[PDB]
Amino acid sequence: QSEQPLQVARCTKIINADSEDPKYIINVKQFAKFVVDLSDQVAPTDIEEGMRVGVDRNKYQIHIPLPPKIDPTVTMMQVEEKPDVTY
Amino acid sequence: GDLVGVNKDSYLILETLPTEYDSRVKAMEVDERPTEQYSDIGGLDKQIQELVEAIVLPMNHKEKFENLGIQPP
């Protein structure tokens with residue numbers, strides 16, 4: 001319930017930002033591109049291009065940043081455990 | 001084919017946008033920029049000339065090419 005009054009944010013894929021001001025330019029995914037504002041809590045730097053960021057759903061404004069995809073085929077092979085085979 | 005701001009409600013174009021250009025493509029740029037000078041190499045000087053001679057020159061010298069009536073490779 002605490003984090004029920006919290007939030008969702010549709011992830012987004014940044015096409016790129018612009019200057020003399022910010023307004024970051026973005027294509028979400030199943031939808032499309034929106035040139036939209038970014039969260040107040042994130043500088044104009046910690047948001048490089050090609051960065052799957054999270055987007056205030058309705059307001060459609062950068063809410064928070066994130067990290068990169070790796071698919072579920074590369075992570076499925078990271079060993080987790082370890083094979084008992086000493087020298 | 002020209003990016004446009006369109007007020008969501010209105011579909012009234014607000015701003016013109018720069019232009020399309022693949023996030024997969026942009027990764028083709030070069031910020032770090034190598035640091036290999038030439039002396040790093042060795043024995044390749046024949047073509048190293050050519051290497052230079054096919055880009056640098058034609059780039060930093062396009063007025064010399066026509067002054068001999070040619071075209072650059």
# chains A, B, ... in the order shown; residues from 1 in each chain; ligands from 1
call {"tool": "residues_around", "arguments": {"residues": "residue 7 of chain B", "least_positions_apart": "5", "cutoff": "12 Å", "atoms": "only C-alpha atoms", "output": "ChimeraX atom specification"}}
result
/A:34-36 /B:12-16
call {"tool": "write_last_selection", "arguments": {"atoms": "N, CA, C and O atoms", "output": "tab-separated table (two decimals), in the first residue's frame"}}
result
chain	number	residue	atom	x	y	z
A	34	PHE	N	7.99	10.37	-28.40
A	34	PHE	CA	7.51	11.57	-27.76
A	34	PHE	C	8.77	12.37	-27.36
A	34	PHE	O	9.67	11.78	-26.73
A	35	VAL	N	8.91	13.62	-27.80
A	35	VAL	CA	9.95	14.46	-27.21
A	35	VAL	C	9.35	14.99	-25.93
A	35	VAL	O	8.38	15.70	-25.98
A	36	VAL	N	9.94	14.63	-24.80
A	36	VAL	CA	9.30	14.81	-23.51
A	36	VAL	C	10.30	15.23	-22.44
A	36	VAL	O	11.46	14.95	-22.54
B	12	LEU	N	-1.93	19.56	-33.33
B	12	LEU	CA	-1.37	20.78	-33.89
B	12	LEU	C	0.13	20.64	-33.71
B	12	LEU	O	0.64	20.44	-32.58
B	13	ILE	N	0.85	20.74	-34.82
B	13	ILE	CA	2.29	20.75	-34.76
B	13	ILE	C	2.82	21.88	-33.89
B	13	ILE	O	2.60	23.05	-34.17
B	14	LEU	N	3.51	21.54	-32.83
B	14	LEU	CA	4.22	22.57	-32.14
B	14	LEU	C	5.57	22.78	-32.82
B	14	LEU	O	5.65	23.68	-33.67
B	15	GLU	N	6.59	21.96	-32.48
B	15	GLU	CA	8.02	22.16	-32.90
B	15	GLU	C	8.41	21.29	-34.07
B	15	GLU	O	7.83	20.25	-34.26
B	16	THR	N	9.37	21.73	-34.86
B	16	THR	CA	10.09	20.85	-35.75
B	16	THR	C	11.21	20.14	-34.97
B	16	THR	O	11.88	20.75	-34.15
call {"tool": "interface_residues", "arguments": {"of": "chain A", "to": "chain B", "cutoff": "8 Å", "atoms": "only C-alpha atoms", "output": "list in words"}}
result
residues 15, 35, 49 and 50 of chain A
call {"tool": "select_by_dssp", "arguments": {"residues": "chain B", "states": "strand (DSSP E)", "output": "ChimeraX atom specification"}}
result
/B:4-6,13-16
call {"tool": "write_last_selection", "arguments": {"atoms": "N, CA and C atoms", "output": "compact mmCIF listing (two decimals), in the first residue's frame"}}
result
# COMPACT_ATOMS: atom_id res chain seq x y z
N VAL B 4 8.10 16.17 -36.21
CA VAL B 4 7.30 17.30 -35.80
C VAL B 4 6.76 17.06 -34.42
N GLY B 5 6.81 18.12 -33.63
CA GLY B 5 6.06 18.16 -32.40
C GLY B 5 4.59 18.31 -32.71
N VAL B 6 3.81 17.41 -32.13
CA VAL B 6 2.38 17.55 -32.27
C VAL B 6 1.71 17.47 -30.90
N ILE B 13 0.85 20.74 -34.82
CA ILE B 13 2.29 20.75 -34.76
C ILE B 13 2.82 21.88 -33.89
N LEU B 14 3.51 21.54 -32.83
CA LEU B 14 4.22 22.57 -32.14
C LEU B 14 5.57 22.78 -32.82
N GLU B 15 6.59 21.96 -32.48
CA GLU B 15 8.02 22.16 -32.90
C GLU B 15 8.41 21.29 -34.07
N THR B 16 9.37 21.73 -34.86
CA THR B 16 10.09 20.85 -35.75
C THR B 16 11.21 20.14 -34.97
call {"tool": "residues_around", "arguments": {"residues": "segment 49-63 of chain B", "least_positions_apart": "4", "cutoff": "7 Å", "atoms": "only C-alpha atoms", "output": "MDAnalysis selection string"}}
result
chainID B and resid 45 67 72:73
call {"tool": "write_last_selection", "arguments": {"atoms": "N, CA and C atoms", "output": "short mmCIF file (atom, residue, chain, number, x, y, z; two decimals), in the first residue's frame"}}
result
data_model
loop_
_atom_site.label_atom_id
_atom_site.label_comp_id
_atom_site.auth_asym_id
_atom_site.auth_seq_id
_atom_site.Cartn_x
_atom_site.Cartn_y
_atom_site.Cartn_z
N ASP B 45 54.69 1.12 -44.58
CA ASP B 45 54.74 2.53 -45.00
C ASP B 45 54.32 2.75 -46.45
N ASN B 67 43.17 21.44 -59.88
CA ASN B 67 44.25 22.20 -60.53
C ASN B 67 45.12 21.35 -61.43
N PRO B 72 39.08 12.76 -56.88
CA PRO B 72 39.87 12.06 -55.88
C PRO B 72 39.43 10.60 -55.71
N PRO B 73 40.39 9.65 -55.44
CA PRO B 73 39.89 8.28 -55.36
C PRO B 73 38.75 8.12 -54.38
#
call {"tool": "atom_distance", "arguments": {"atom1": "atom CA of residue 16 of chain A", "atom2": "atom CA of residue 10 of chain B"}}
result
24.3 Å
call {"tool": "atom_distance", "arguments": {"atom1": "atom CA of residue 40 of chain A", "atom2": "atom CA of residue 53 of chain A"}}
result
13.8 Å
call {"tool": "select_by_dssp", "arguments": {"residues": "segment 12-73 of chain B", "states": "helix (DSSP H, G or I)", "output": "PyMOL selection string"}}
result
chain B and resi 23-26+45-60+63-66
call {"tool": "atom_distance", "arguments": {"atom1": "atom CA of residue 86 of chain A", "atom2": "atom CA of residue 73 of chain A"}}
result
28.2 Å
